[PDB]
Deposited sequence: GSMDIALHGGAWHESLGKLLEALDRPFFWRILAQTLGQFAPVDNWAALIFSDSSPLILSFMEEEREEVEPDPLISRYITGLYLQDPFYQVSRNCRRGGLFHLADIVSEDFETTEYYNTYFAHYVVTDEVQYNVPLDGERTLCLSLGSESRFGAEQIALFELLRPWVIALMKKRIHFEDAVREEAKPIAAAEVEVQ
């Protein structure tokens, strides 16, 4: 104990700061091999990217994701199909032709690499706030178990962060 309370305080303190999502991903990365991350809102229009690890001349892959490739992102599709939200692991939500999509060979291979989980937080009838955590290795059952253990306050925090998002 001890160090966890100071970690929590630093995370709560960042709730109204630009680097909040970086601190949340780094906090969760203490329990799991989080190698990349993105925070975004899915909806019936283009995804709104709130923050991501490699954020900055923008990579044309980001624009391609926003203007169409996100339609092939299994995590976007689950946001339309599982309207209660939750915690999703890549292997549980892919179609069989996932590996044949352009999304897989362009955006995914670069920004996610191997495995992914996402916290999905419905914001209203149309919008879903999502925190994607990617790994160059695999998230195992012990990591998924941890993500579920922490989920009560992860999703509470995410929902409260919306108040300090200006694009929203």
Deposited seq positions with no alpha-carbon in the coordinates run 1 to 8, 65 to 68, 181 to 195
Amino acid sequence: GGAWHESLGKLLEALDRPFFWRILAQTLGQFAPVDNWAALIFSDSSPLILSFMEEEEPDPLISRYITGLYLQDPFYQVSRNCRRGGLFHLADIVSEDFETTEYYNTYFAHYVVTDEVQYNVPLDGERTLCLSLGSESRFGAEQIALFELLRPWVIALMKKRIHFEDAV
From here on, numbers count along this sequence of modelled residues.
Ranked by mean Cα B-factor in the entry, 89 to 97 and 67 to 75, top stretch is 89 to 97
Stretch with higher mean Cα temperature factor, 128 to 136 vs 107 to 115, is 107 to 115
The largest CA temperature factor among 38, 41, 61, 121 is found at 61
Among the modelled residues of its chain, the C-alpha B-factor of residue 13 falls in the third labelled middle
Assert third(CA B-factor, residue 51) within chain per record equals middle
Assert third(CA B-factor, residue 143) within chain per record equals lowest
